[PDB]
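First, one chain by itself in structure tokens, the form deposited in one PDB entry.
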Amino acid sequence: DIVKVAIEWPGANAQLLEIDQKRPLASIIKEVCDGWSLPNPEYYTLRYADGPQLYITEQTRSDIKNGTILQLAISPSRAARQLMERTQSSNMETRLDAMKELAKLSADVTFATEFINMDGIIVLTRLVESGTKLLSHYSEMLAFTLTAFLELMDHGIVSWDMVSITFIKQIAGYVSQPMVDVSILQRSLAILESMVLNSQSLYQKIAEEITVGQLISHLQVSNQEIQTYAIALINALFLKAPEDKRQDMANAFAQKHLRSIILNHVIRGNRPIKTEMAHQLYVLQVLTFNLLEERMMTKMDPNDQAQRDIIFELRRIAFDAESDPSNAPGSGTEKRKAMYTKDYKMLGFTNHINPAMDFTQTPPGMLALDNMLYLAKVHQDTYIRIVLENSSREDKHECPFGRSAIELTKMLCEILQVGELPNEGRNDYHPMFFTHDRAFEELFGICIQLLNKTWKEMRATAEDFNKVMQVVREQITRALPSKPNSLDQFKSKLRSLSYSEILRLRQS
């Protein structure tokens, strides 16, 4: 086809051309240079005048729409060679302006490919590792160099394995040290993040050079952009951590108050939360919820006494206090088992005899058991009341704790999207999970109370089990878009969202 464009040249009138797409670029350029009386048309290449001003090749020339504004520019190969030479100049103002142009052009893959194939990567890292540090614009010069280096690496042409490890150690040292120039920190964080996300070997080297506290300390500053690349680097470490070692890493960051620091410095910060930051919060929240996946898909081993002891503990907390008689021995082994079995019926388990079988269902697996124990140990008052008010299965209107807690845990996993890998587009996150160290377990506690309130508000029976759960799912889902900044606020909206309320709201 034929596309009409205009091509510009500094200090001269633009040329209006009808581009024949069947015609070679070299021929077109030759004619253009003839119009402006320019020698050596082989020196030049077409380039967009506006926007990113990308170089144009024979493969990308299809995207040139009608009315596009182009510029006759120095060819990417010739420019790459000129700039690399100017970076080895005796004049330093020469090198600052050269490096500044490198920081701009390195984003263009057409230019980057040329510069990289001129041993460009090692040219830059060697400027960083042994440049002259005594001069007026050292930090400025370093910043542009790091910018150009990163943009070159982000084209997926050069493996991080080829990058000098002393260079990487130096960059990591900029992050671990008490304070560095703010722009140097940003470049360093961005580099380390990209290295982690795009390799395996180098990932192990970061945990050596930089401690958890040091990486978290970059969240305690006013600069929102710093905070953003700080969490980006943290999210990268979590994301590409081996399943083997993710839980320990989450513990290490938690024991140094990663959550509360983000809560106070970002969510409760002075300046508004920007789009880039909101995305990293989404990513972080997705990654933390994914920690539950292992336990969610972990089937209980009924033959493991250590796992059965957890259920024994649940039964013990519920039914065995000092107000109760002593099941002293003399009571047959068949008689003691009879009492245990009834307890498991009163606890609402399906398999009354061996309740461990209830947790072979994955999802929610052992995660449901962890939630029950958490409720029993942290909120005994709540656990006790729930199981005692719903003890007799003979009563048709009572709610089985076991069957409910298992289903609820499954339900909460679906709503929170546990076992999902974060995309690049989402910015949505639930703020209240940043307000407590065990937010998921607290959520279960609140929702199991909700479940019981909703159950008795519907005057439900065992036959209506699935119907109640459907209501509870809707109650929780409706309270979320209001985006509560605390678990108490979330609990408050649940109070208003009673069964009588939700029924009214689909009449609409």
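Sequential numbering from 1, following the sequence displayed.
We do not show the form deposited with a partner chain bound, though everything after this point is about it.
The listed set 163, 387, 432, 150 contains one residue whose heavy atoms approach the partner chain in the deposited complex to within 4.5 Å, identified as 150. Among the residues 287, 346, 172, 124, the one placing a heavy atom within 4.5 Å of the partner chain in the deposited complex is 287.
Heavy atoms of residue 193 reach within 4.5 Å of the partner chain in the deposited complex, making it an interface residue. Contact annotation for residue 383: none of its heavy atoms lies within 4.5 Å of the partner chain in the deposited complex. When the partner chain is considered in the deposited complex, residue 333 lies well away from it, no heavy atom lying within 4.5 Å. Using a 4.5 Å cutoff between non-hydrogen atoms, residue 276 counts as a contact of the partner chain in the deposited complex.
Note that among 110-118, 180-188, 370-378, 211-219, the stretch whose heavy atoms approach the partner chain to within 4.5 Å in the deposited complex is 180-188.
Only one of residue 149 and residue 182 lies in each rigid part of the chain between the shown form and the other one; they are split between the two.
Compared with the form shown here, the C-alpha atoms of residue 229 and residue 135 sit at least 3 Å closer together in the deposited complex.
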